[PDB]
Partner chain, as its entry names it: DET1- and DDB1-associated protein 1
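Before any questions on how it binds or moves, here is one chain, the form solved without the partner chain, in structure tokens.
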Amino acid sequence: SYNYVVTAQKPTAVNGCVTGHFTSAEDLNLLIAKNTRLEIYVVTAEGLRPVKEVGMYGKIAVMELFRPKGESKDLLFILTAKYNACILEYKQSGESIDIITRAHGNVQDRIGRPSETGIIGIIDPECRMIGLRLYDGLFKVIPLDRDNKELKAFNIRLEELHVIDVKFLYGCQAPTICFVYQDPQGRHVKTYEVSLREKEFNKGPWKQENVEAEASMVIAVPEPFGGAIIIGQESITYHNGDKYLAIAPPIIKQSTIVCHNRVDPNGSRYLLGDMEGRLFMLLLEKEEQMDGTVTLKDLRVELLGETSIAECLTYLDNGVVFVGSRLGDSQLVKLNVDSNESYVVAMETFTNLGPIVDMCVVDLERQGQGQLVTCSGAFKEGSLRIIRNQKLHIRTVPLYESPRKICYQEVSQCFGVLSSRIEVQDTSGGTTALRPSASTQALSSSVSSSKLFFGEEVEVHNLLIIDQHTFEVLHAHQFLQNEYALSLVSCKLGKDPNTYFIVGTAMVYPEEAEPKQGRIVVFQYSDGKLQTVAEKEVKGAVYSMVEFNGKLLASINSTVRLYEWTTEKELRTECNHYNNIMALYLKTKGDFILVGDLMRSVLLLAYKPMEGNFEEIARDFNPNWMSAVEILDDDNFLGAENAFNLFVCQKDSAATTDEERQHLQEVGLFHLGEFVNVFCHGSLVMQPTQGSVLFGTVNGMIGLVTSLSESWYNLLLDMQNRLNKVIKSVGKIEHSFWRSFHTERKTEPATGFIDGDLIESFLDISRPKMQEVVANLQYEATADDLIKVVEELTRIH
């Protein structure tokens, strides 16, 4: 069909942060990369002052500020995931604020294997070139000798193929890169002198070797010291010619360091953070000589405290540090000199909906509006977010453990949430907890006793009963050892009137790759106590469960089973359907069943009640990673696939021969730019366009998909083409290229979709421009016609 996608909530996860002088030479700015959004702040003695927030037609993969020789203020370089590079500049002409594009280009090469270590963008400290590591064995060099508006570049052959991290070195005669590469002999450190005239690499200043087997970070030490700091798994080494220092503090071996940032401009203090959310201070002791040569004396590491698991880290000024996080809330932390007992004291926290791994729409106030409850965060950042509309109101319920799945039960006036807590194998013999989480502070705990069947961390799965008003952990039922709860549904089955909490689990042992045994446990929670009302043991993993017309439709590995609810309150195997694919995604509408595995194998089944079994209708098998699926109507199916794409396939209309009706022809292709995890039929308003489907992403972005008539689609499509002419692209990136279906092998234009974000931006353009996009546009038409239809398109979120 024809669909319309609009961003209801901007991506909230921070993936990049830099400090510089972007707005003016006298301002200390803090730039934040939020996937497609770029936020500009100015650091004040009080905190952060918002300046400008722009939206790019790309996924910001690189973001670095730099000051070329002869520039009044800093310049910004951004490289998108689609290899759109651009150089930007802040312009404030009176009261108008505009981000202009100085240079722009697509630094993509048709040949080349994208390195497993991702895109790396480094700039020479003396601002001579922009080094890019996009593909293995190739080092793109964009010279910055001014007037390079098209961003012309040239590649240099890299003898080393597996490059972990690369940065430019300070205080050198010629541009010098420092990188860590992996070979059969292990991980090493090497340096190359870049010569832009000969367009080749030259022998670097120092060539050491055998660094830590898990060395993963290179830090360029400023001019006073020079050289590079190589942060590994358990050792921090300093390399600068013949001056080799290596400290292995036991405080850091406990976790892996994942972010670093320079504090003072001379590189004396460093701020490193690990996966567990701890903040460190790398103090490199110095020693000056009689001729003034400052030589590094020692390397110190001091644990400052605990932040909200840092993705990026940046020091602002006067103790204040911005902690950008993808897993949890970003925050501002003050670094006090005295221990409070933790030198880290919070200042201001910013909500982060991402990652959203499951959600549900509930109209608690019975007003048809609807509150969105989402499983957000992970590990100690696990939380429950309630989003209700007009602005967005967000309730943050911290769980301190990973929430996985969620569903709602109205009769019990509470939510059921599948979650997981990480305990550590203590020496006595059990599993001690890491921190008190939701599964540990419940009002009443219980364990499973079905009995139907040394130091490493192990997952502990619990079913949570969370009140719909106070969000209190009323119950916390712990599942069996080595049992992984995968499915959770709440419904009434058969003729029974009671509403049950049904959980599908899998018995996963590290030695057995494919699970051959699982459980479908039926619970009842209402009477204030959680007791088990019979369970059905299956021979595989229960990936998905749904309520199928009074019965229970489950997915056991490669089998879609239909269970009945007998008078004795037990599940009875009615009929089965065995597939060649693993039944991961299970969605139903009426008597139709939508099946899907992780590889975009779209299967369609229908329950034939006259016989009692299902029959396959159509299928569409195209190898590609698939993250979510949803039924639009009886002959249209939505899905999210690699890379950051949305797609719609339909049941063929010209069904004359049995070979055409057995195929789901793909009709919709769209590059969303986000990774959808959950699809939810619902709405956040209290209601033209048919259908309303919400989805949650890894970056926290929540969007909406709605269907359109062919007449309405062609109308908005022509308007979408004309809005592109009048709306400025931040990096001069073409919208159709940004929304073009992007995969590693194929690249196709966007079809069957309309970008609601672009359509809604029509109301923000000047009146003359409105009369320009309506020139020769008819369902002629006036500007006042479109202003009344786009305003209605805003009345859906």
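Rigid core (definition): largest C-alpha set, two forms, superposition within 1.5 Å. Residue numbers count along the first chain shown, from 1.
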Problem set entry | Flanks modelled, residue 777 absent in at least a third of other entries | yes
Exercise. When the other PDB entries of this protein are compared, is residue 526 left blank in at least a third of them?
Worked result: no
Exercise. Does the deposited sequence hold unmodelled residues between residue 389 and residue 390, and if so, how many: none, 1 to 3, 4 to 9, or 10 or more?
Worked result: 10 or more
Problem set entry | Missing residues, deposited sequence, between residue 95 and residue 96 (class: none, 1 to 3, 4 to 9, 10 or more) | none
For this session: Can you let me know which of the two, 12-20 or 782-790, has the higher average C-alpha B-factor in the entry?
Result: 782-790
Problem set entry | Stretch exceeding the other in mean C-alpha B-factor - 501-509, 524-532 | 524-532
For this session: Compare the CA B factors listed in the entry for 105, 515, 175, 131 and report the winner.
Result: 515
Exercise. Which one of 110, 326, 600, 380 shows the biggest C-alpha B-factor in the PDB entry?
Worked result: 110
Seminar exercise, completed: Temperature factor at the Cα of residue 239, chain-ranked in thirds, falls in the middle
For this session: Could you look up the Cα B-factor of residue 261 in the entry and say which third of the chain it sits in: lowest, middle or highest?
Result: lowest
Problem set entry | Cα B factor band for residue 343 (lowest, middle or highest third within the chain) | highest
Exercise. Against its chain's modelled residues, does residue 37's Cα B factor rank lowest, middle or highest third?
Worked result: lowest
Exercise. Compared with the other modelled residues in the chain, in which third is the CA B-factor of residue 152?
Worked result: lowest
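There is also a form solved in complex with the partner chain; it is not shown, and the following applies to it.
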Exercise. Pick from 759, 48, 750, 31: which residue has any heavy atom within 4.5 angstroms of the partner chain in the bound PDB entry?
Worked result: 48
Exercise. Ok, 107, 473, 384, 594: which has a heavy atom sitting within 4.5 Å of the partner chain in the bound PDB entry?
Worked result: 107
Problem set entry | Non-hydrogen atom within 4.5 Å of the partner chain in the bound PDB entry for each of 98, 263 and 317 | yes
Exercise. Using 4.5 Å between non-hydrogen atoms, is residue 146 touching the partner chain in the bound PDB entry?
Worked result: yes
Exercise. Any chance residue 347 has a heavy atom within 4.5 Å of the partner chain in the bound PDB entry?
Worked result: yes
Exercise. Heavy atom to heavy atom, is residue 155 within 4.5 Å of the partner chain in the bound PDB entry?
Worked result: yes
Exercise. With a 4.5 Å heavy atom cut-off, would you call residue 728 a contact of the partner chain in the bound PDB entry?
Worked result: yes
Exercise. Which among 220-228, 462-470, 290-298, 347-355 is in contact with the partner chain in the bound PDB entry, heavy atoms within 4.5 angstroms?
Worked result: 347-355
For this session: Could you run down 131-147 and flag each residue that has a heavy atom within 4.5 Å of the partner chain in the bound PDB entry?
Result: 138, 140, 142, 145, 146
Exercise. Fit the core first: which of 470, 580, 173, 432 then shifts its CA by 2 Å or more between this form and the one not shown?
Worked result: 580
For this session: Please say whether, between this form and the one not shown, the C-alpha of residue 607 moves by 2 Å or more once the core is aligned.
Result: yes
Problem set entry | Core-aligned CA displacement of residue 725 at least 2 Å between this form and the one not shown | no
For this session: Return yes or no for residue 260: a CA shift of at least 2 Å between this form and the one not shown, with the rigid core superposed?
Result: no
